[PDB]
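Starting off with a structure, shown below.
Only heavy atoms go into these numbers, but all of them, side chains included; no hydrogens, no water, no symmetry mates. Every number for a ligand or one of its atoms is a count from 1 in the order of the listing. The first residue in the sequence is number 1, and the count goes up from there.
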Amino acid sequence: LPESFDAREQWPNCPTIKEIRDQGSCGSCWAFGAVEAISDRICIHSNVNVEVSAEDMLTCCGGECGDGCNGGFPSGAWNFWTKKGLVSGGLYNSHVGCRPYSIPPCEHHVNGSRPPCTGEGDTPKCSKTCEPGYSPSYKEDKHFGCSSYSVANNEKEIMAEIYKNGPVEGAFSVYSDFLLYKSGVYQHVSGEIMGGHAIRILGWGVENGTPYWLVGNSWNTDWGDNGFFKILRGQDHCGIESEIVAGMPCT
Ligand SMILES: *[C@]1(C(=O)N[C@H](C(=O)O)[C@@H](C)CC)O[C@@H]1C(=O)OCC
């Protein structure tokens, strides 16, 4: 395995890999980490480009994935992709795809032109229909995964998985000092626990002698490093290597 790897550079024909979304005022990170990596993998293993609907995952999976805007289970999300499939759907107000995200973007622990994010947000309804004007039908727009698995808490195995199959979904414990991240390799030193947070791991590298994971957050582009961040790799820091999940799309 190489010393560094950036899925964005390795798969130039898959622009979703470079995208950063906004989960809005809803605890749907579990769904976002999933549909983002799934979008990347559909492109990587089908060379078609599809903006997988965070809305479809968030609203229609149900108990198998947890509790919607109240938090969920990453592995459960990939299971939904293999069982019921996922339709397309872009950003809020984009009118792209079958079911675009219905929760407005907001400012995540930063100042900006958007309204500040609020912790309170309700899970939208599971509507098995597409926006007006879009074709095909909801049922016909479903993209299925043909496998859903969990990668071991093993740095090398995680790197190998990304290297061969593309970005994966992961999760780590968020402490308040992470909220103000701007650059460099994040290492937890202070702050109260904020809870678990699912994200998308798309690579790795070494900065100033510190090994790290290249991660895409779902708090828009004005948070962190253009929406991305780097976190210590190899020590299961904040549990970053303890909940890796992925899967492969059907042919
Ligand atoms: C992940 C989530 O969306 N968390 C919030 C966010 O704004 O990103 C806060 C609470 C984290 C600082 O409740 C979601 C989940 O499914 O967590 C378990 C992985």
For ligand 1, which atoms sit closer than 4.0 Å to a heavy atom of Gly196? 1 (C), 17 (O)
re atom 3 (O) of ligand 1, the protein heavy-atom contact at minimum distance is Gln23 NE2, 2.7 Å
Does the pair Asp56/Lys142 count as a salt bridge with the N-to-O cut at 4.0 Å? yes
Below 4.0 angstrom from a heavy atom of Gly71, which ligand 1 atoms are there? Numbered from 1 as shown, please. 13 (O), 14 (C), 15 (C), 16 (O)
When you check the gap from the basic side-chain N to the acidic O, do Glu131 and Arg99 get nearer than 4.0 Å? no
Under 4.5 Å between side-chain heavy atoms, hopping through other hydrophobics if needed: is there a path connecting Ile201 to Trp219? yes
Give the atoms of ligand 1, by number and element, whose distance to some non-hydrogen atom of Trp30 is under 4.0 Å. 16 (O)
Considering only the protein, which heavy-atom contact is closest to atom 16 (O) of ligand 1, and what is its distance? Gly72 N, 2.7 Å
Is there a polar contact between ligand 1 and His108, counting only N or O atoms under 3.5 Å apart? no
Distance col, row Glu169:CD vs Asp40:CG, nearest 0.5 angstrom, shows 11.5 Å
Are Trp30 and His197, when compared by the centres of their aromatic rings, separated by less than 6.0 Å? no
Return the closest protein heavy atom for atom 10 (C) of ligand 1 as residue, atom name and distance. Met194 O, 4.1 Å
If you round to the nearest 0.5 Å, how far is OG1 of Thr123 from CG of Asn70? 6.0 Å
Would you check the N or O atoms of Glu243, main chain and side chain alike, for any that come under 3.5 Å of an N or O of ligand 1? no
Could you tell me whether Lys128 sits above the aromatic face of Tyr138, with NZ or CZ closer than 6.0 angstrom to the six-membered ring centre and within 45 degrees of the axis? no
Answer side chain, backbone, both or neither: which part of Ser28 comes under 4.0 Å from ligand 1, heavy atoms only. backbone
Answer yes or no: does an N/O atom from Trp219 fall short of 3.5 Å to an N/O atom of ligand 1? yes
Polar contact flag for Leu179 and ligand 1 (N/O pairs, less than 3.5 Å): no
Would you please indicate yes or no on a ring centroid separation below 6.0 angstrom for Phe178 and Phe229? yes
Protein residue, atom and distance nearest to atom 1 (C) of ligand 1, heavy-atom basis: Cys29 SG, 1.8 Å
I'd like to check whether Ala171 has a polar contact with ligand 1, where a contact means an N/O of the residue lying under 3.5 Å from an N/O of the ligand. no
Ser218/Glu36 under side-chain contact (heavy atoms from CB on, under 4.5 Å): CA gap, chis, key distance, verdict: CA-CA 9 Å; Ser218 52; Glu36 290 161 1; 3.8 Å; yes
